[PDB]
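Peer 1: In the first instance, please consider these chains from the complex; the rest will follow:
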Amino acid sequence: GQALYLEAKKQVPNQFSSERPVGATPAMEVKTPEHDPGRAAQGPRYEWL
Amino acid sequence: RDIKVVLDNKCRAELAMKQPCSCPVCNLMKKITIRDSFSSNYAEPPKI
């Protein structure tokens, strides 16, 4: 199937639409802390399944 | 998304920031664990 689809897109033009790519761009950000986060005193005490 | 609709928030999580976002949306999902799931009774190919 995929092979025949490729042959069609190749040999048979005007059979399909293609302004498909818009508003995407991949993004991957990371940043290390600059200040000490500190310490807390509230922790878990229950669990639900 | 459902919990944000319920609590009426507009959080985006802004990917990586200087400090953790806090706020209830990011304070409740930080303590929720969800298992992945699979189709228990269906394995046939789908329709077009």
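Peer 2: Done, it's in. Numbering: from 1, shown residues only, chains lettered A, B, ... in the order given.
Peer 1: okay, CA-based contacts and neighbour counts for the rest of this
Peer 2: Noted.
Peer 1: residue contacts, the closest residue to chain A within chain B?
Peer 2: Chain A sits closest to residue B:16 of chain B, with a gap of 5.6 Å, by Cα to the nearest Cα. Residue B:16 makes contacts with A:29-31, as judged by Cα atoms under 8 Å, 6 or more residues apart in numbering or on different chains.
Peer 1: element containing it?
Peer 2: Under the assignment given by DSSP states H and E, residue B:16 is not contained in any helix or strand.
Peer 1: Residue numbers of chain B in contact with chain A?
Peer 2: B:15-19 (Cα under 8 Å from any Cα of the partner chain).
Peer 1: rerun that using 10 Å as the cut-off
Peer 2: Within reach of chain A by Cα under 10 Å from any Cα of the partner chain, chain B has these residues: B:14-20, B:31-33.
Peer 1: just the helices in chain A please.
Peer 2: If DSSP state H is used as the criterion, the helices of chain A fall at A:2-11.
Peer 1: what does chain B give?
Peer 2: B:2-7, B:23-28.
Peer 1: Dump those to CSV, plus mean neighbour count.
Peer 2: Compiled in CSV, those are given as follows (neighbours: other Cα atoms under 10 Å in any protein chain shown):
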stretch, mean neighbour count
helix B:2-7, 10
helix B:23-28, 14
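Peer 1: need the contacts of residue B:16 in a markdown table with neighbour count and distance to residue A:42, can you?
Peer 2: Shown next, in a markdown table, are the contacts of residue B:16 (neighbours: other Cα atoms under 10 Å in any protein chain shown; distance: Cα to Cα, whole Å):
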| residue | neighbour count | distance to residue A:42 |
| --- | --- | --- |
| A:29 | 8 | 29 |
| A:30 | 8 | 27 |
| A:31 | 9 | 26 |
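Peer 1: and then chain C:
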Amino acid sequence: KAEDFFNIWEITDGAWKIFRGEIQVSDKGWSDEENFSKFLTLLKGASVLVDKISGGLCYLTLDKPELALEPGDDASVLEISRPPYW
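Peer 2: The block that follows adds chain C to the chains above:
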């Protein structure tokens, strides 16, 4: 509407599930029986409470404590394996 995306890899095969490792304790750490027993108790409790490791859900089983290559870091590129009979 979507704003951003990235790429992931997932392994769901049954064979590649169980992972095994070990912890090494030197002679100085084993100062006496009491300290080793307390360390084992704390380690067992912590191992019990572990829930998620490496993007998945798992549980840890701890056994009894009793005992006595190159990555080709040069320039190289290889991808797009496709499949057989292509």
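Peer 1: The contacts of residue B:16 with chain C there, same question as before?
Peer 2: A:28-32 (Cα atoms under 10 Å, 6 or more residues apart in numbering or on different chains).
Peer 1: which one among these gets closest to chain C?
Peer 2: Distances from chain C to those, taken by Cα to the nearest Cα, are shortest for residue A:28, at 6.9 Å.
Peer 1: Just give the nearest non-adjacent residue to the closest one, would you?
Peer 2: Nearest residue to residue A:28 in three dimensions, chain neighbours excluded: residue C:6, at 6.9 Å (Cα to Cα, 6 or more residues apart in numbering or on different chains).
Peer 1: now residue B:20: how far from residue C:5?
Peer 2: According to Cα to Cα, to the nearest Å, residue B:20 and residue C:5 sit 21 Å apart.
Peer 1: in what helix or strand does residue C:36 lie?
Peer 2: Using DSSP H and E, the element containing residue C:36 is helix C:33-49.
Peer 1: Distance from that helix to the middle of the chain?
Peer 2: Counting by Cα atoms, centre = their mean, to the nearest Å, helix C:33-49 is centred 20 Å from the centre of its parent chain.
Peer 1: Check stretch A:39-46 too.
Peer 2: 33 Å.
Peer 1: same check, this time on stretch A:42-49
Peer 2: 32 Å.
Peer 1: and the residue of chain A nearest chain C?
Peer 2: Checked against chain C (Cα to the nearest Cα), the nearest residue in chain A is residue A:26, 4.8 Å away.
Peer 1: which bits of chain A sit near chain B?
Peer 2: A:27-35, A:37, A:44, A:48-49.
Peer 1: So of the residues you listed, which two are at opposite extremes in space?
Peer 2: A:34 and A:49 (37.6 Å; Cα to Cα).
Peer 1: now for chain D, put it on the one above:
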Amino acid sequence: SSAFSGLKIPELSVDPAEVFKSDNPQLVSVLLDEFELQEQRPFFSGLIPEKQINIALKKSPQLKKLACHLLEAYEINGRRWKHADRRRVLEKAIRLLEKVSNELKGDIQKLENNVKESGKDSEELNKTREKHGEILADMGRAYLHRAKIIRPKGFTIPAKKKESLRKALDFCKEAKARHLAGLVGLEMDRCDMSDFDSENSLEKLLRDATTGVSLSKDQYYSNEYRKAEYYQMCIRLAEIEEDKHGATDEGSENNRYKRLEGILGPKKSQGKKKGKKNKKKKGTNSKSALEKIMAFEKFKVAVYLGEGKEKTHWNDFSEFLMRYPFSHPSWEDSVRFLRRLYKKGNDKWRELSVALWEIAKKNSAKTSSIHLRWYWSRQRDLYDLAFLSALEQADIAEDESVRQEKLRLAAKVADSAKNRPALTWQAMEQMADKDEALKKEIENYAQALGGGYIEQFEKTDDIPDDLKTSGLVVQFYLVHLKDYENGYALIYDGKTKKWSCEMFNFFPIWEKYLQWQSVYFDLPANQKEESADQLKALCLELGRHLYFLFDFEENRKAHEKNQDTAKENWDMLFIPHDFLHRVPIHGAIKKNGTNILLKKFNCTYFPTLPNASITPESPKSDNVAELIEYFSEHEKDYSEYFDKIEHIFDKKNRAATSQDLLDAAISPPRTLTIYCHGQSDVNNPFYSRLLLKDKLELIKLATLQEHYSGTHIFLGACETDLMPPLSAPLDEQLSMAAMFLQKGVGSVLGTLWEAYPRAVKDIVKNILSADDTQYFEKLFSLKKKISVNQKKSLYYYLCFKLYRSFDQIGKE
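Peer 2: Just below you will find chain D, in place on the chains above:
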């Protein structure tokens, strides 16, 4: 036209039939399948068969001609079009060029295998490769043009611009283009992105683009624009060579700019033959686009090398800055130029920063009456540079009067940006639904993105005078310049009238506040009092870093303690800035840990520096109180608890709506008690709303047209839950009390964090039991409930903030 003459207009891709009048079927097919047909009814026509000369069996030349025509039209008449037309034209050209490039690349790929067996046949294959390179260069041009006008949504640079610039750079490098690569590098540099490595150095790109370049008779440099980018490239190259510190030569540092000016200056124009100077009636000296856009470059080079004056370029530079909006890249270029001068150390920054700040204020004042300034990418830098220049020229002065006037100027500079918050692009784009003028301004700013020489723009109460009081005024200010982080606090002594300056560090205070905020937000709603230890640590750090406040008690003792009459004017005014709006400044603890600032000094805050010379009139209605209270069915406990107030004279209005608040505003009572919950919004501070029967928000209250008169307002909505959590020290937001003070109210009392009911009801009872003149006495009598031994008392009784006005403070 010497063209196809089928398209109705370049900016609207439509064809009004008439395509079939031509004979080439390929042209008709291309014009039909890739353009809008226009008209309102279907069109059914065809050509005649049996046509010779074949059909040429391809579409690549026609598509290339369409792409070239579209790019030429965009280059020529791109200024007059609107944003949507530019986007549409650029997208269509990119699509056509991409299709042509894909077809050519596929053809080359298939031909490569066949020519491999031809014994290394150098033939039209080379011409196909050259055509592919030309198409790649055109694609790079189109991508750069599209990226130059991307709308900057959000605080940071959008990713779309980054990917577009990367694609343009890749295409230009693969196409072996030097001028386009230099342009892409220049655009990348101004975006502050640093994805390039040492191999892809900006210096090498500029050198390649500028190596062996002369005016000559080259067609590419015939137009003035390309000369302009050549001049910009040369200027940036000289700047980077000087900044490398490897070219620190006494003679060459001026020789490079001298030859740059010689290139800029008249290159010995020969051949005019002295054409009689035929008295062209002084035709207004019509400045060409070349000088119109190179005024900035001329000013820069004159500053760099000019031993004499340079005011001629300053004259038209000032008007160019005044006419054009803040989205023009010239503003960022000027700010970066000022920063570079300040780092180098030439007084031009000192004499220019104040002028640029004044021009920026004048341009920003022409906005709507809503008092918004919009988010300019580099705006805090200009204000910080102006403040630092004022301080530096104050320090070097040898006259006391000059010192005082420069300190007053610095105080005015700090004051200028303390009330109007910037609201990004998308936020006010959404907010601009109601106002058409705001929509017009947004459209103008969007059109101003990219390039210059726009015909639309061309064809067109004393603040520091005298503070009359016997108290002390503190004007905090924080400098957020990257390499010169510091803090400042201007103190104005009423007795002496002289201003003072000093410096302090705020990073430990920021860290302590961050820890307290995290521990407070992570706690449950009913257990918010557990943050007492973190609050005490924050207060102790504040006292440690602000010890200089306690110094004035020695001067007070020297002044009136020796005098027979003690208890002089000990009032204190605080003007918080940036993140200092959410910390207990009055809760500072002395270094030894035994003295509290609130114990000795009566501290009150104010949103800005007061300058109004009118005292609010006495209330028209002498009603005692106007309690307004709403709650959900869950929290009936608060409604049950509040009964001591309803015993007192009140026409209780439970489950009241915003219209009740407006009606109360119509007839202002002596005291108003607005007690309700609140919710915060991150997109707009103007969307911060109160949890009444309806939603109040800030935009509704901003325009009311009815002013209070001497109404003491008590707000039950805490600041922490009315505002979003704070990340990074940079903050620009408005508070409910700040907007209430614009309505002629007397004073506003608020709570910084949740105050549980016993304390708020006791405070309400005490303030209602107070009389008219001595109301502030019982208001300030809460000091007896604050002690350092018990942290709970500090948590409970340090959350009260009073917005007392200057014109009424210290008045007896």
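Peer 1: so, the contacts of residue B:16 revisited with chain D in the model?
Peer 2: Applying Cα under 10 Å, 6+ apart, the residues contacting residue B:16 are A:28-32.
Peer 1: Distance of it relative to chain D?
Peer 2: 12 Å (Cα to the nearest Cα, to the nearest Å).
Peer 1: what's the residue closest to the geometric middle of chain C?
Peer 2: residue C:19 (6.2 Å; Cα atoms, centre = their mean).
Peer 1: How about the secondary structure of it?
Peer 2: coil (DSSP: H, G, I helix; E, B strand; the rest coil).
Peer 1: That one: what's it in contact with?
Peer 2: Listed by Cα under 10 Å, 6+ apart, the contact set of residue C:19 reads residue C:60.
Peer 1: near chain D, which residues of chain A?
Peer 2: A:14, A:18-19, A:22-27, A:34-42.
Peer 1: Of the residues you listed, keep whichever come out buried.
Peer 2: Among the residues of chain A next to chain D, those buried by neighbour count (16 or more other Cα atoms under 10 Å in any protein chain shown) are residue A:25.
Peer 1: coming back round to it: the helix holding residue C:36 packs against which elements?
Peer 2: Helices and strands touching helix C:33-49, as assessed by 3 or more Cα pairs under 10 Å, 6 or more residues apart in numbering or on different chains; DSSP states H and E, are absent.
Peer 1: Need the contact partners of that helix.
Peer 2: C:25, C:29-30, C:59-65.
Peer 1: Kindly recompute the last result at 6 Å.
Peer 2: Residues outside helix C:33-49 that contact it (Cα atoms under 6 Å, 6 or more residues apart in numbering or on different chains): C:30, C:60.
Peer 1: buried ones in stretch D:589-608?
Peer 2: Neighbour-count burial for stretch D:589-608 [16+ other Cα under 10 Å]: D:589-591, D:595-598, D:601, D:603-608.
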